[PDB]
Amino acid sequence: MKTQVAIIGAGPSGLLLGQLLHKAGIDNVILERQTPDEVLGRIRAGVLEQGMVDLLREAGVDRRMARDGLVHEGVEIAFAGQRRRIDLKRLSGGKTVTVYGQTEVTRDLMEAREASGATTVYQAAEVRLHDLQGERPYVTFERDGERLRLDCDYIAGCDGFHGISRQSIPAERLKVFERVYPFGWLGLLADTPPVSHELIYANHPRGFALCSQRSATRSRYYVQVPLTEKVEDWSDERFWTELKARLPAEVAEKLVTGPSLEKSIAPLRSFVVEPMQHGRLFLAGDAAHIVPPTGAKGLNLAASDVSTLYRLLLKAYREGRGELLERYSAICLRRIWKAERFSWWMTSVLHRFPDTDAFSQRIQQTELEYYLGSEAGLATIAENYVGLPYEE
């Protein structure tokens, strides 16, 4: 087999990069470890920045989104018996965010690709990357017992945090920045109407809580829990009682509960690797970095990396300007660090940290009061939340 751009991983980053490339005439093959079903079983993200919305429209996969996505003009932070709303539309200069599930985005891309006829090998086991610094790198994998080889010009590692790509770069070539938080998020997907028309982030003495949604009849709730918790110890019943305890009385009494469709614990972490490339291999999305879900930036940073790599591969192929690829990491890291800073900030002011002295608790409370009461303060949250501009 031979192609122009080999893509490792069929999550949103890979499918999105593959769809854009295909549309521009650049051949690409996607290699996924799992089955289409397993990829589709992941709930994950729900909030999309305008940049991603526009990127999906450019990739030609925005129909269902334009119809089912919910445009949100504000969010709400609850703390100290208060409920403060941030008017995103007004404070950011007209921008908004779109609520549309990652599963849906993934499904839409899978369908578009199926129709296009571009190559996709699911259940590609034992993927190994070779000759990364050569002019002709290649990928080897096993498909039903037989080992195949795939020759290509460039490789895009879109295999997530545990992918083979990042591990295929000499350890001494990368500098890792990581921070692990002492808690996780217990999420619950239910087929019930959301308690609010906008999201509610809540700082509460018992810990953090978040009220989200997927549609007008499908909700997604989370509560901060210790890393020692097991999902089997949390019955639907127990989850509902705890969520209620962490929300304002008026919000709690309007909550329509119900049996969960999904329940899982996601630990929180910040992770950036520098640089994001090695020879003919370029890392994108979770393969290169992780952000706590608090600021809703994961999927959104994957989109900016992908938009960047796509636009650089277009110049290389279409205009013979391959030197531009050297710039991939610099351009991307600028946006990544700012989104990492915001997600870190959000996480620190909304969560309950263990072993926090009196002074720190007061400063945490004051951070909220100040930022949520100052016009200049609200703007810093809004412009970061809607998403900082993509660099050209």
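In this text, residue numbers run from 1 along the sequence as written.
Higher mean CA B-factor, judged across 186-194 and 315-323 from the recorded values: 315-323. Set 209-217 against 156-164 and average the Cα temperature factors; 209-217 ends up higher.
Of the candidates 151, 142, 305, 274, it is 142 whose Cα B-factor is highest according to the PDB record.
Of the candidates 263, 278, 85, 269, the deposited coordinates give 263 the top C-alpha B factor. Among the modelled residues of the chain, residue 286 sits in the lowest third by CA temperature factor in this PDB entry. Compared with the other modelled residues of the chain, the Cα B-factor recorded for residue 32 ranks in the middle third. Annotation for residue 123: C-alpha temperature factor in the highest third relative to the rest of the modelled chain, per the entry. Among all modelled residues in this chain, the alpha-carbon of residue 175 has a temperature factor (C-alpha) in the highest third. In the PDB entry, a CA B factor belonging to the lowest third of its chain's modelled residues is recorded for residue 340.
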